[PDB]
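Comments concern the structure below.
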Number of protein chains: 2
Amino acid sequence: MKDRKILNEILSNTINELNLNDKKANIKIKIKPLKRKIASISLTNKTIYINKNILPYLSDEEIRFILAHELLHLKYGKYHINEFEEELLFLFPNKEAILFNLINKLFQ
Amino acid sequence: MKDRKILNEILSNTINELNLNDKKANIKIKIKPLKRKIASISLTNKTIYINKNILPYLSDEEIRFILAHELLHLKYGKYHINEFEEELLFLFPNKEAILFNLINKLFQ
Ligand SMILES: [Zn+2]
Ligand SMILES: [Zn+2]
């Protein structure tokens, strides 16, 4: 299985810097097979799902990026509005290169 | 094979709006297997390569996006400098969601 220690720390750190601590009792990561996604959310119970089949291929920085991306959907909703994009760029100044690198790494 | 009609139209429309018509005599799309990329360029020849294996899975909007992305590499060089990023966002205001949707689709 994937090391829970780094996931626990990334989740706690990212919730703190995104000012989501009011939702710390609700937000949890669950690792399960996902049909057509690398990650998803259940807005109802604040669960972040990570695709069990993707997780071994992700670098630590990519896991930080994907968790921040899903937390920003929990914070702002379905769309990448300017506030969402500004916070994501603040957490990941190199997010454009990360994104282009990710599609090229994962196509199966 | 992938319908050439939409590729011809997207290529000519995008070259025109990116003010690259003085390179219309040189820029061509070639479809071939690519080892670790969805698309690439050869700025010496001005050829845009599209990965033969990924092309059937791309939506029309994704093809428009990928061609604009590679044309901007032909226009500005290797790096996503501010002018590059501004033009890409102008052509595709929803580019962040396009990039994440591309990741989800090509991993499955
Ligand atoms: Zn690029
Ligand atoms: Zn998103």
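Every chain in the structure tokens has a letter given in the order shown (A, B, ...), and although residue numbers restart at 1 in each chain, ligands are simply numbered from 1 in the order shown.
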
Test item: residues lying within 12 Å of ligand 1 with only C-alpha atoms and all ligand atoms, as a PyMOL selection string:
(chain A and resi 96-101+103-104) or (chain B and resi 37-41+65-81+84-85+88+99)

Within 9 Å of residue 52 in chain A, counting only C-alpha atoms, which residues show up once you throw out same-chain ones fewer than 4 positions away? Write them as a ChimeraX atom specification, please.
/A:31-34,38,56

Output N, CA and C atoms for every residue in the selection just made, as a PDB file, in the first residue's frame.
ATOM      1  N   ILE A  31      -8.763   5.552  -0.823  1.00  0.00           N
ATOM      2  CA  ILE A  31      -8.071   5.026  -2.001  1.00  0.00           C
ATOM      3  C   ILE A  31      -8.876   3.853  -2.546  1.00  0.00           C
ATOM      4  N   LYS A  32      -9.410   4.021  -3.755  1.00  0.00           N
ATOM      5  CA  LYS A  32     -10.223   2.981  -4.384  1.00  0.00           C
ATOM      6  C   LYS A  32     -10.107   3.052  -5.907  1.00  0.00           C
ATOM      7  N   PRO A  33     -10.429   1.970  -6.653  1.00  0.00           N
ATOM      8  CA  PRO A  33     -10.402   2.088  -8.122  1.00  0.00           C
ATOM      9  C   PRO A  33     -11.444   3.107  -8.570  1.00  0.00           C
ATOM     10  N   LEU A  34     -11.058   3.952  -9.518  1.00  0.00           N
ATOM     11  CA  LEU A  34     -11.927   4.951 -10.131  1.00  0.00           C
ATOM     12  C   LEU A  34     -11.968   4.641 -11.610  1.00  0.00           C
ATOM     13  N   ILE A  38      -8.484  10.262 -12.055  1.00  0.00           N
ATOM     14  CA  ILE A  38      -7.296  10.016 -11.222  1.00  0.00           C
ATOM     15  C   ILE A  38      -7.674  10.278  -9.761  1.00  0.00           C
ATOM     16  N   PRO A  56       0.494   4.616  -7.424  1.00  0.00           N
ATOM     17  CA  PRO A  56       1.914   4.216  -7.485  1.00  0.00           C
ATOM     18  C   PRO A  56       2.776   4.971  -8.509  1.00  0.00           C
TER      19      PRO A  56
END

So that I can see what lies close to residue 30 in chain A, please list as a ChimeraX atom specification the residues with an atom at most 7 Å from it, counting only C-alpha atoms and leaving out residues fewer than 3 positions away in the same chain.
/A:47-50

DSSP strand (DSSP E) residues within range 6-83 of chain A, listed as a list in words:
residues 28, 29, 30, 31, 32, 39, 40, 41, 42, 47, 48, 49, 50 and 51 of chain A

Write a file of the just-selected residues containing N, CA and C atoms, as a compact mmCIF listing (two decimals), in the first residue's frame.
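Below is the file result.txt, written as the result:
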# COMPACT_ATOMS: atom_id res chain seq x y z
N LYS A 28 -11.58 13.47 4.44
CA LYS A 28 -10.80 12.23 4.50
C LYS A 28 -10.39 11.81 3.12
N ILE A 29 -9.25 11.12 3.01
CA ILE A 29 -8.82 10.54 1.74
C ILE A 29 -9.24 9.07 1.74
N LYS A 30 -9.79 8.58 0.63
CA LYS A 30 -10.07 7.15 0.46
C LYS A 30 -9.42 6.71 -0.83
N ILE A 31 -8.76 5.55 -0.82
CA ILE A 31 -8.07 5.03 -2.00
C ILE A 31 -8.88 3.85 -2.55
N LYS A 32 -9.41 4.02 -3.75
CA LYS A 32 -10.22 2.98 -4.38
C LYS A 32 -10.11 3.05 -5.91
N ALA A 39 -8.64 11.17 -9.57
CA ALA A 39 -9.15 11.58 -8.27
C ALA A 39 -10.52 12.20 -8.45
N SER A 40 -11.29 12.24 -7.37
CA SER A 40 -12.63 12.81 -7.35
C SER A 40 -13.00 13.20 -5.93
N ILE A 41 -14.16 13.81 -5.78
CA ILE A 41 -14.67 14.20 -4.47
C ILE A 41 -16.10 13.75 -4.34
N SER A 42 -16.54 13.61 -3.10
CA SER A 42 -17.94 13.42 -2.76
C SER A 42 -18.24 14.67 -1.95
N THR A 47 -15.32 13.59 1.14
CA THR A 47 -14.31 12.55 0.93
C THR A 47 -13.56 12.82 -0.37
N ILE A 48 -12.22 12.70 -0.33
CA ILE A 48 -11.40 12.81 -1.53
C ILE A 48 -11.03 11.41 -1.92
N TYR A 49 -11.41 10.97 -3.13
CA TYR A 49 -11.03 9.66 -3.61
C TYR A 49 -9.81 9.77 -4.49
N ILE A 50 -8.82 8.89 -4.28
CA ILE A 50 -7.63 8.80 -5.12
C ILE A 50 -7.71 7.47 -5.82
N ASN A 51 -7.49 7.46 -7.13
CA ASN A 51 -7.53 6.23 -7.90
C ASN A 51 -6.38 5.31 -7.45

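Taking CA of residue 6 in chain A and CA of residue 21 in chain A as endpoints, the distance between them is 18.4 Å.
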
Just list as a PyMOL selection string whatever in range 21-105 of chain A DSSP marks as alpha helix (DSSP H).
chain A and resi 60-76+82-91+95-105

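For the pair CA of residue 45 in chain B and CA of residue 8 in chain B, the interatomic distance is 18.1 Å.
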
CA of residue 86 in chain A and CA of residue 25 in chain A are how many Å apart?
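CA of residue 86 in chain A sits 25.9 Å away from CA of residue 25 in chain A.
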